[PDB]
>>> print(open('start_12.cif').read())   # mmCIF, C-alpha atoms and all ligand atoms
data_data
#
loop_
_atom_site.label_atom_id
_atom_site.label_comp_id
_atom_site.auth_asym_id
_atom_site.auth_seq_id
_atom_site.Cartn_x
_atom_site.Cartn_y
_atom_site.Cartn_z
CA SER Q 1 0.00 0.00 0.00
CA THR Q 2 0.88 3.68 -0.23
CA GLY Q 3 -0.60 7.00 0.81
CA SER Q 4 -0.16 10.57 -0.43
CA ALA Q 5 -1.54 13.71 1.19
CA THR Q 6 -1.07 17.41 0.64
CA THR Q 7 0.24 19.49 3.52
CA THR Q 8 -0.60 23.20 3.68
CA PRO Q 9 0.94 26.06 5.65
CA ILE Q 10 -1.36 27.42 8.38
CA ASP Q 11 -0.41 31.04 7.74
CA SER Q 12 1.69 33.38 5.59
CA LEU Q 13 4.89 32.62 7.55
CA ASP Q 14 4.77 28.82 7.28
CA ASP Q 15 4.53 28.65 11.10
CA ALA Q 16 3.28 25.07 10.76
CA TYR Q 17 1.69 22.76 8.23
CA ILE Q 18 -1.61 20.88 8.37
CA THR Q 19 -2.56 17.66 6.63
CA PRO Q 20 -6.10 16.25 6.40
CA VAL Q 21 -6.59 12.95 8.22
CA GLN Q 22 -9.70 10.75 8.16
CA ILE Q 23 -10.66 9.26 11.55
CA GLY Q 24 -13.51 6.87 12.28
CA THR Q 25 -16.55 5.55 10.47
CA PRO Q 26 -18.09 7.48 8.79
CA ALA Q 27 -14.93 9.50 8.32
CA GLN Q 28 -14.31 12.58 10.41
CA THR Q 29 -11.68 14.71 8.73
CA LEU Q 30 -9.35 16.64 11.01
CA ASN Q 31 -6.39 18.78 9.98
CA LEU Q 32 -3.35 17.50 11.89
CA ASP Q 33 0.19 18.78 12.36
CA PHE Q 34 2.48 15.94 11.19
CA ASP Q 35 5.33 15.97 13.68
CA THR Q 36 8.48 13.90 13.12
CA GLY Q 37 9.64 15.14 16.56
CA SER Q 38 6.96 13.39 18.64
CA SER Q 39 5.07 10.10 18.71
CA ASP Q 40 1.50 10.77 19.83
CA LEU Q 41 -1.49 11.09 17.52
CA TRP Q 42 -3.81 13.32 19.54
CA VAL Q 43 -6.89 15.29 18.61
CA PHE Q 44 -9.27 17.95 19.79
CA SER Q 45 -12.43 16.02 20.65
CA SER Q 46 -15.89 15.99 22.17
CA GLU Q 47 -14.06 15.42 25.50
CA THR Q 48 -11.92 18.55 25.28
CA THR Q 49 -12.69 21.16 27.95
CA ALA Q 50 -15.11 23.49 26.17
CA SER Q 51 -13.34 26.69 27.16
CA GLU Q 52 -10.16 25.31 25.55
CA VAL Q 53 -11.71 24.81 22.11
CA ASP Q 54 -11.79 27.87 19.82
CA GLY Q 55 -12.63 26.98 16.24
CA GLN Q 56 -10.95 23.57 15.92
CA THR Q 57 -12.71 20.61 14.33
CA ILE Q 58 -13.27 17.90 16.93
CA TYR Q 59 -13.27 14.14 16.82
CA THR Q 60 -16.41 12.66 18.36
CA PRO Q 61 -15.81 8.98 19.11
CA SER Q 62 -19.47 8.32 19.99
CA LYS Q 63 -20.31 9.08 16.32
CA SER Q 64 -17.80 6.52 15.01
CA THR Q 65 -18.97 2.93 14.66
CA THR Q 66 -15.35 1.71 14.71
CA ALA Q 67 -14.24 3.67 17.81
CA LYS Q 68 -13.44 1.72 20.96
CA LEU Q 69 -12.30 3.05 24.30
CA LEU Q 70 -8.82 1.80 25.12
CA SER Q 71 -9.82 1.11 28.69
CA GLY Q 72 -7.61 2.59 31.38
CA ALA Q 73 -5.20 4.27 28.98
CA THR Q 74 -4.22 7.89 29.50
CA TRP Q 75 -1.70 10.23 27.91
CA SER Q 76 0.06 13.46 28.75
CA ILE Q 77 2.65 15.31 26.71
CA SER Q 78 4.77 18.42 27.22
CA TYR Q 79 6.50 19.90 24.18
CA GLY Q 80 9.72 21.90 23.90
CA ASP Q 81 7.90 25.19 23.39
CA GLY Q 82 6.15 24.80 26.73
CA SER Q 83 2.83 23.66 25.27
CA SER Q 84 1.00 20.54 26.49
CA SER Q 85 -2.08 18.35 26.23
CA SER Q 86 -3.51 15.23 27.91
CA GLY Q 87 -6.51 12.93 27.92
CA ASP Q 88 -7.68 9.38 27.31
CA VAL Q 89 -7.47 7.03 24.33
CA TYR Q 90 -9.63 5.33 21.70
CA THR Q 91 -8.67 2.96 18.94
CA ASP Q 92 -10.18 3.72 15.54
CA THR Q 93 -9.58 3.57 11.80
CA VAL Q 94 -7.26 6.32 10.60
CA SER Q 95 -6.50 7.09 6.96
CA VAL Q 96 -3.95 9.46 5.47
CA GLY Q 97 -3.96 10.13 1.76
CA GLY Q 98 -5.62 6.82 0.95
CA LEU Q 99 -3.53 4.71 3.37
CA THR Q 100 -5.60 3.10 6.12
CA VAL Q 101 -4.59 1.78 9.54
CA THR Q 102 -7.16 -0.07 11.63
CA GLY Q 103 -6.81 -0.09 15.41
CA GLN Q 104 -4.76 3.12 15.55
CA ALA Q 105 -4.50 4.75 18.96
CA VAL Q 106 -6.27 8.11 18.73
CA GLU Q 107 -5.50 10.13 21.81
CA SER Q 108 -8.48 12.27 22.77
CA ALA Q 109 -7.60 15.54 24.48
CA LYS Q 110 -9.38 16.43 27.69
CA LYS Q 111 -7.05 19.40 28.24
CA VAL Q 112 -4.87 21.47 25.93
CA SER Q 113 -2.64 24.44 26.71
CA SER Q 114 -3.33 27.95 25.52
CA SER Q 115 -1.12 27.86 22.42
CA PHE Q 116 -3.19 24.96 21.07
CA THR Q 117 -6.49 26.70 21.86
CA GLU Q 118 -5.24 29.83 20.12
CA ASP Q 119 -4.34 28.03 16.92
CA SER Q 120 -7.75 27.43 15.35
CA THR Q 121 -6.22 25.79 12.28
CA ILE Q 122 -4.59 22.82 14.06
CA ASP Q 123 -7.00 20.07 15.13
CA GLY Q 124 -4.26 17.93 16.68
CA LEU Q 125 -0.89 16.29 16.05
CA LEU Q 126 0.17 13.13 14.26
CA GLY Q 127 3.52 11.99 15.61
CA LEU Q 128 6.08 10.40 13.28
CA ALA Q 129 9.07 9.99 15.58
CA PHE Q 130 9.85 6.57 17.04
CA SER Q 131 7.16 4.85 19.09
CA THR Q 132 9.46 4.67 22.13
CA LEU Q 133 8.47 8.33 22.79
CA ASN Q 134 4.73 7.64 22.81
CA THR Q 135 3.23 8.82 26.11
CA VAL Q 136 0.27 6.45 26.49
CA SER Q 137 0.20 4.72 29.86
CA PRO Q 138 0.18 1.97 31.02
CA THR Q 139 0.44 0.40 27.54
CA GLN Q 140 2.61 2.41 25.15
CA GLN Q 141 1.09 2.77 21.68
CA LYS Q 142 2.52 2.77 18.16
CA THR Q 143 2.63 5.65 15.70
CA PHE Q 144 0.57 5.67 12.51
CA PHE Q 145 3.76 4.99 10.53
CA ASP Q 146 4.82 2.06 12.70
CA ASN Q 147 1.35 0.54 12.40
CA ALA Q 148 1.31 1.06 8.62
CA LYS Q 149 4.89 -0.04 7.96
CA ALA Q 150 4.48 -3.74 7.24
CA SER Q 151 1.71 -3.01 4.73
CA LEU Q 152 3.64 -0.32 2.87
CA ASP Q 153 5.32 -1.05 -0.46
CA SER Q 154 8.55 0.28 1.11
CA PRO Q 155 9.01 1.12 4.82
CA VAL Q 156 9.42 4.86 4.28
CA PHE Q 157 7.67 8.17 4.38
CA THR Q 158 8.74 11.42 2.77
CA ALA Q 159 8.31 15.07 3.65
CA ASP Q 160 8.21 17.61 0.85
CA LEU Q 161 7.31 20.89 2.54
CA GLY Q 162 6.64 24.04 0.55
CA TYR Q 163 7.93 27.56 1.03
CA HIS Q 164 4.78 29.68 1.23
CA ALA Q 165 3.04 26.88 -0.68
CA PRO Q 166 1.50 23.45 -0.22
CA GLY Q 167 3.63 20.32 -0.28
CA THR Q 168 3.29 16.58 0.24
CA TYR Q 169 3.67 13.74 2.69
CA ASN Q 170 3.99 10.35 0.99
CA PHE Q 171 3.91 6.96 2.68
CA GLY Q 172 5.39 3.81 1.23
CA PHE Q 173 7.11 5.15 -1.89
CA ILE Q 174 9.67 7.68 -3.09
CA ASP Q 175 8.34 10.02 -5.82
CA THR Q 176 11.32 10.34 -8.14
CA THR Q 177 9.65 13.32 -9.87
CA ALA Q 178 9.64 15.36 -6.65
CA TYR Q 179 13.37 16.10 -6.37
CA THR Q 180 16.41 16.96 -8.49
CA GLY Q 181 19.73 15.10 -8.59
CA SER Q 182 20.22 12.19 -6.20
CA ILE Q 183 19.16 11.47 -2.62
CA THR Q 184 22.01 11.38 -0.08
CA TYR Q 185 21.37 9.06 2.84
CA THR Q 186 22.85 9.53 6.28
CA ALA Q 187 22.86 7.49 9.50
CA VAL Q 188 20.21 7.87 12.18
CA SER Q 189 20.42 7.27 15.91
CA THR Q 190 17.14 6.27 17.55
CA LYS Q 191 18.65 6.41 21.05
CA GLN Q 192 16.62 9.50 22.01
CA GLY Q 193 13.56 8.44 20.00
CA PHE Q 194 14.10 11.04 17.28
CA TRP Q 195 15.21 11.06 13.67
CA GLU Q 196 18.63 12.13 14.92
CA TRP Q 197 21.49 12.53 12.46
CA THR Q 198 24.80 14.40 12.03
CA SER Q 199 25.18 17.18 9.50
CA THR Q 200 28.69 17.52 8.05
CA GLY Q 201 28.84 21.31 8.28
CA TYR Q 202 27.59 24.64 7.02
CA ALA Q 203 28.15 27.75 4.96
CA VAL Q 204 26.75 31.27 5.22
CA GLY Q 205 25.77 32.87 1.94
CA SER Q 206 28.58 32.57 -0.63
CA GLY Q 207 31.10 31.81 2.11
CA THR Q 208 33.41 28.84 2.41
CA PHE Q 209 31.96 25.61 3.79
CA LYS Q 210 32.96 24.80 7.36
CA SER Q 211 33.39 21.09 7.93
CA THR Q 212 32.05 20.32 11.40
CA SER Q 213 29.76 17.65 12.84
CA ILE Q 214 26.37 18.96 13.94
CA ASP Q 215 24.14 16.39 15.61
CA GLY Q 216 20.45 17.24 15.41
CA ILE Q 217 16.94 16.03 14.69
CA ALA Q 218 14.76 16.24 11.60
CA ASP Q 219 11.60 17.74 13.10
CA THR Q 220 8.71 18.72 10.85
CA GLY Q 221 6.83 19.94 13.94
CA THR Q 222 9.36 22.66 14.75
CA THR Q 223 9.10 25.84 12.70
CA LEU Q 224 12.66 27.13 12.80
CA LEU Q 225 16.26 25.95 12.45
CA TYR Q 226 17.98 25.70 15.85
CA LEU Q 227 21.76 25.32 15.75
CA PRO Q 228 24.77 25.85 18.04
CA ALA Q 229 25.39 29.41 19.16
CA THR Q 230 28.69 29.55 17.26
CA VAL Q 231 26.99 28.70 13.96
CA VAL Q 232 24.06 31.06 14.54
CA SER Q 233 26.37 33.95 15.46
CA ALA Q 234 28.38 33.41 12.27
CA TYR Q 235 25.15 33.57 10.24
CA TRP Q 236 23.70 36.72 11.82
CA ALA Q 237 27.08 38.50 11.74
CA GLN Q 238 26.54 38.74 7.96
CA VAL Q 239 23.33 40.77 8.37
CA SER Q 240 23.82 44.48 9.16
CA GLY Q 241 21.99 45.40 12.35
CA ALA Q 242 21.08 41.86 13.40
CA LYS Q 243 21.27 41.13 17.11
CA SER Q 244 20.08 38.69 19.72
CA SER Q 245 17.27 40.19 21.77
CA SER Q 246 16.45 38.63 25.15
CA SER Q 247 13.21 40.65 25.26
CA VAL Q 248 12.00 39.26 21.93
CA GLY Q 249 13.50 35.82 22.55
CA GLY Q 250 16.07 35.40 19.82
CA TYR Q 251 17.83 36.94 16.88
CA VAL Q 252 16.10 39.82 15.14
CA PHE Q 253 17.18 41.80 12.10
CA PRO Q 254 16.17 44.96 10.24
CA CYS Q 255 13.16 44.25 8.05
CA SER Q 256 15.01 46.22 5.34
CA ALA Q 257 17.70 43.52 5.11
CA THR Q 258 18.37 41.06 2.33
CA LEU Q 259 19.21 37.82 4.12
CA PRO Q 260 22.01 35.51 2.99
CA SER Q 261 21.36 31.84 2.27
CA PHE Q 262 22.43 29.10 4.68
CA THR Q 263 23.89 25.79 3.48
CA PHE Q 264 24.00 22.59 5.52
CA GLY Q 265 25.90 19.43 4.74
CA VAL Q 266 24.48 15.94 4.32
CA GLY Q 267 27.51 13.74 3.83
CA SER Q 268 29.31 15.21 0.83
CA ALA Q 269 26.04 16.78 -0.40
CA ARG Q 270 24.78 20.30 0.31
CA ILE Q 271 21.29 21.67 0.94
CA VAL Q 272 20.87 25.42 0.39
CA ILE Q 273 18.25 27.31 2.35
CA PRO Q 274 17.47 30.57 0.49
CA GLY Q 275 17.65 33.75 2.52
CA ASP Q 276 13.94 34.39 2.11
CA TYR Q 277 13.15 31.16 4.03
CA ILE Q 278 14.87 32.66 7.09
CA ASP Q 279 12.55 35.71 7.27
CA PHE Q 280 9.76 35.32 9.86
CA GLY Q 281 8.53 38.87 9.54
CA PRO Q 282 7.89 41.72 11.96
CA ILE Q 283 8.21 40.84 15.64
CA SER Q 284 4.89 42.61 16.18
CA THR Q 285 2.44 44.07 13.70
CA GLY Q 286 3.98 47.06 11.93
CA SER Q 287 7.43 46.70 13.49
CA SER Q 288 10.56 47.27 11.43
CA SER Q 289 12.34 44.58 13.45
CA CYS Q 290 11.96 41.13 11.93
CA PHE Q 291 12.37 37.72 13.56
CA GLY Q 292 15.04 35.34 12.35
CA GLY Q 293 14.43 31.80 11.16
CA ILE Q 294 17.80 30.53 12.41
CA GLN Q 295 18.08 30.60 16.19
CA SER Q 296 20.39 29.24 18.86
CA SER Q 297 19.76 25.78 20.27
CA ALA Q 298 21.65 26.66 23.44
CA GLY Q 299 19.42 25.68 26.35
CA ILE Q 300 17.27 23.28 24.29
CA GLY Q 301 19.74 20.45 24.66
CA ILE Q 302 19.56 19.35 21.02
CA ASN Q 303 19.92 20.94 17.58
CA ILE Q 304 16.74 20.95 15.51
CA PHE Q 305 16.47 20.86 11.74
CA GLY Q 306 12.93 22.23 11.68
CA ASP Q 307 10.79 23.40 8.79
CA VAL Q 308 13.16 26.21 7.74
CA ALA Q 309 15.75 23.55 6.87
CA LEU Q 310 13.47 20.69 5.83
CA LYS Q 311 11.38 22.73 3.37
CA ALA Q 312 14.57 23.36 1.35
CA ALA Q 313 14.79 19.59 0.67
CA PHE Q 314 12.97 16.46 -0.28
CA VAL Q 315 13.40 14.35 2.87
CA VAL Q 316 13.16 10.57 3.15
CA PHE Q 317 12.40 9.06 6.55
CA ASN Q 318 13.57 5.48 6.01
CA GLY Q 319 12.06 3.17 8.63
CA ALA Q 320 13.86 0.04 7.51
CA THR Q 321 15.34 -2.19 10.21
CA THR Q 322 18.30 0.19 10.38
CA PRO Q 323 16.67 3.58 9.91
CA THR Q 324 18.28 6.32 7.86
CA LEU Q 325 17.47 9.80 6.54
CA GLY Q 326 17.77 10.93 2.94
CA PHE Q 327 18.01 14.48 1.62
CA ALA Q 328 17.74 15.72 -1.95
CA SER Q 329 17.55 19.17 -3.45
CA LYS Q 330 14.34 20.06 -5.27
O1 LIG Q 401 8.88 18.89 21.94
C1 LIG Q 401 9.63 18.79 20.99
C2 LIG Q 401 9.23 19.26 19.62
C3 LIG Q 401 8.23 20.42 19.73
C4 LIG Q 401 7.75 20.86 18.36
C5 LIG Q 401 7.17 19.70 17.59
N1 LIG Q 401 8.18 18.61 17.47
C6 LIG Q 401 8.60 18.11 18.81
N2 LIG Q 401 10.85 18.24 21.11
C7 LIG Q 401 11.84 18.13 20.04
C8 LIG Q 401 13.03 18.99 20.37
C9 LIG Q 401 13.62 18.61 21.72
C10 LIG Q 401 12.56 18.60 22.80
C11 LIG Q 401 11.37 17.76 22.40
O1 LIG Q 402 9.93 27.23 21.04
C1 LIG Q 402 11.01 26.69 21.19
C2 LIG Q 402 11.98 27.19 22.23
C3 LIG Q 402 12.98 28.14 21.59
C4 LIG Q 402 13.21 29.37 22.46
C5 LIG Q 402 13.37 28.99 23.90
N1 LIG Q 402 12.09 28.43 24.43
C6 LIG Q 402 11.21 27.92 23.35
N2 LIG Q 402 11.38 25.64 20.44
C7 LIG Q 402 10.48 25.13 19.40
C8 LIG Q 402 10.09 23.70 19.70
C9 LIG Q 402 11.32 22.83 19.83
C10 LIG Q 402 12.27 23.40 20.87
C11 LIG Q 402 12.61 24.84 20.56
#
>>> encode(input="start_12.cif", output="structure tokens", more="lines below")
Ligand SMILES: O=C([C@@H]1CCCNC1)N1CCCCC1
Ligand SMILES: O=C([C@H]1CCCNC1)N1CCCCC1
Amino acid sequence: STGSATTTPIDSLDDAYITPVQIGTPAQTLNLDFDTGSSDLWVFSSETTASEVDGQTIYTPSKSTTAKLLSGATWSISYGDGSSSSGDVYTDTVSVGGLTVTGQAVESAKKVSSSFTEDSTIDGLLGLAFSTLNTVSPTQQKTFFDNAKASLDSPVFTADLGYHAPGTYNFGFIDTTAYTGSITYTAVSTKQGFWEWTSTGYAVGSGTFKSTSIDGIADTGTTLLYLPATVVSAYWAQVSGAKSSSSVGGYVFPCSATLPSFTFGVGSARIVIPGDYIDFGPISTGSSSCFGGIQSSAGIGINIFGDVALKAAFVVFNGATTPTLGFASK
């Protein structure tokens, strides 16, 4: 089997991407944030505290003939931006882009934090990291990808995110029309439950490439590119007037600037992030200070190749027995 679904930015800055997902019988379509940095499929639901729902589409398990309470199971997750959610669990039929998993754990939110409530366009998350991070207790549950894997033509999924445009998540096949040149594969460590890999270095704009190992995760659920302070300082030093602002919470730059590109290494290959991809616009409406799309990972504890980096590439998440990651230009 295979699946193919379009993923669409939620706003003009590509702050996140949503992908339609069919849950239950008859289908209830919710728009989920596909997150290769976590491993819970959770949704706004008929059980979510009413005051915490503001425009989201909800899953109602009582209206699904295939829904079954997973008795005694609960979940609770805290994300790296300080957001959180928790609730109980149903199993139901879940389909993505034509690919169907029966008996998928669908985690029904009873509580969500304010940042979820405030984002009316995101109806929940679909985790695509390794199932060892799944928070369901007392019986840990598998991700949609892990459940689908054995049925897929090939044990892979791909992320092809757009810059200010829709893109695609494919399951079970590599679309050879969706990228240019060849795909470079690189080793993955699953020790922390993430798609964790080591970049071979970077360049700023037209500058020379610096060979240096940068361990980090491929995380479609993180908006920005978070890298070591040394690397980030070298980038922003090439932008007149850029500075790190503790009051704003990161690097800002004059909105009048033309940003340089940023290149990262994948083995001997190179992925170029155009300068425009690094512009996240005014810090507040009408401001002439703009927020940077490359930020320091210091204090996070891990480097994160988020959407700013991933959308510059066609990315293969290879879930073979020894997982790997592939990157191609596009
Ligand atoms: O919570 C997260 C991210 C949040 C955004 C969505 N992807 C998962 N983590 C990844 C980075 C290290 C801390 C854990
Ligand atoms: O929002 C944040 C951090 C970055 C700034 C310091 N506190 C919040 N991140 C995005 C999600 C993955 C971890 C990094």
>>> closest_atom_pairs(input="start_12.cif", of="stretch 195-309 of chain Q", to="stretch 121-132 of chain Q", cutoff="10 Å", atoms="all atoms listed in the file", output="Markdown table")
| residue | atom | partner | partner_atom | distance |
| --- | --- | --- | --- | --- |
| Q:195 | CA | Q:129 | CA | 6.5 |
| Q:196 | CA | Q:129 | CA | 9.8 |
| Q:217 | CA | Q:129 | CA | 10.0 |
| Q:218 | CA | Q:129 | CA | 9.3 |
| Q:219 | CA | Q:129 | CA | 8.5 |
| Q:220 | CA | Q:128 | CA | 9.1 |
| Q:221 | CA | Q:127 | CA | 8.8 |
>>> residues_around(input="start_12.cif", residues="residue Q:44", least_positions_apart="2", cutoff="12 Å", atoms="all atoms listed in the file", output="PyMOL selection string")
chain Q and resi 28-32+41-42+46-50+52-61+85-89+106-113+116-117+119-126
>>> atom_distance(input="start_12.cif", atom1="atom CA of residue Q:186", atom2="atom CA of residue Q:206")
24.7 Å
>>> residues_around(input="start_12.cif", residues="residue Q:187", least_positions_apart="6", cutoff="8 Å", atoms="only C-alpha atoms", output="list in words")
residues 197, 198, 323, 324 and 325 of chain Q
>>> closest_residue(input="start_12.cif", among="Q:188, Q:161, Q:320, Q:294", to="residue Q:230", atoms="only C-alpha atoms")
Q:294
>>> closest_residue(input="start_12.cif", among="Q:275, Q:181, Q:299, Q:24", to="residue Q:330", atoms="all atoms listed in the file")
Q:181
>>> closest_residue(input="start_12.cif", among="Q:8, Q:207, Q:311, Q:92", to="residue Q:27", atoms="all atoms listed in the file")
Q:92
>>> residues_near_ligand(input="start_12.cif", ligand="ligand LIG 402 (chain Q)", cutoff="6 Å", atoms="all atoms listed in the file", output="list in words")
residues 80, 81 and 222 of chain Q
>>> closest_residue(input="start_12.cif", among="Q:138, Q:162, Q:172, Q:37", to="residue Q:303", atoms="all atoms listed in the file")
Q:37
>>> atom_distance(input="start_12.cif", atom1="atom CA of residue Q:34", atom2="atom CA of residue Q:1")
19.6 Å
>>> residues_around(input="start_12.cif", residues="residue Q:316", least_positions_apart="4", cutoff="7 Å", atoms="all atoms listed in the file", output="PyMOL selection string")
chain Q and resi 156-159+325-327
